[PDB]
Each structure stands twice: as C-alpha cells, then as structure tokens.
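Just so it is clear, none of the values below were taken in a lab; they were calculated from the coordinates.
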Amino acid sequence: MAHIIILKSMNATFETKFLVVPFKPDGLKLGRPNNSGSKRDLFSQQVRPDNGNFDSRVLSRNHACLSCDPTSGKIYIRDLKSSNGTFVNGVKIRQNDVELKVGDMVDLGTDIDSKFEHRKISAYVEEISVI
C-alpha cells in the first residue's frame, strides 16, 4: 500500500506535493536540491510534486525527514539538524519524530526576507491516506 501525504503551500512557495511516504526505517527527505546515477540524479535534483525538494534558499539540503510507521500507518516528521529549523504547528522541533495529522502546518526555515526563493516554506497537511 502507498501511504500518501498531500502538502499544500500556504505562502505561495511550491506546487502542491503528493508524496508516497516510505515505511521506517526508510524515509523521504525534505530540503533544497556520463554518470551511472544520471537518470536518478536528474529527477532527484528537480523540484517535483512527487519529491521532497523545494526551491527556497532558506532550506538545508537535508532539512527534514518524513517516514511512515508500518504498524499504524501514521506519518512522522523529524528535523535533520537543519540550519534554520523545522516547525510543526508553529512549534520548533528537533531530531525526534513528531506525528503529522490532517490540519497540521509544517514550516521549514524562518527567512529574513520574503522575496522570490528567499521565503520560508509553509506547508499545510491537507490529506493523509492509503492508495
């Protein structure tokens, strides 16, 4: 089964994401983006609705991590020691899992500056479901 989370931007910073969240101990990274990894590095360095990349300089490359508990199907986020921080419903979190539920807000970063690509990421947890 594909456990999906839908992230809708509340501050005009990204196209709505439809993310398949892997079961722990795997996870989906949130952050800023002639080779055997070319086809994988290409799509992985893009900002796509199906990946965790955002076009915001405020974000760390490895900023936060989403994972799914295969026992309950619950979705968790944790910070990856980002420079500018991960927030859930406004609360600054750390490196331990925090559960996400529909109606929650995830903010990535803070920003000194609200201009194009300098604005923090504000993501609303619009839906969580299987398949």
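Rounded, prolate or oblate for region 17-69? Axes are the square roots of the Cα gyration tensor eigenvalues, ordered a ≥ b ≥ c, and the cut-off for rounded is a/c under 1.5.
Values: a/c = 1.81, a/b = 1.23, b/c = 1.48.
Verdict is oblate for region 17-69.
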* Structure fact -> Residues meeting the amide H criterion for residue 54 (H placed from the backbone, H to H distance under 5 Å, 5 or more places apart or on another chain) are 31, 32
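Largest first and in whole Å, give the semi-axes of the chain's equivalent ellipsoid, each being the square root of 5 times a Cα gyration tensor eigenvalue.
Values: eigenvalues 86, 75, 39 Å².
So the equivalent ellipsoid measures 21, 19, 14 Å along its semi-axes.
How long are the semi-axes of the equivalent ellipsoid of region 83-131, taking √(5λ) for every eigenvalue λ of the Cα gyration tensor, in whole Å from largest down?
Numbers: eigenvalues 98, 42, 13 Å².
Taking √(5λ) for each Cα gyration eigenvalue gives 22, 14, 8 Å.
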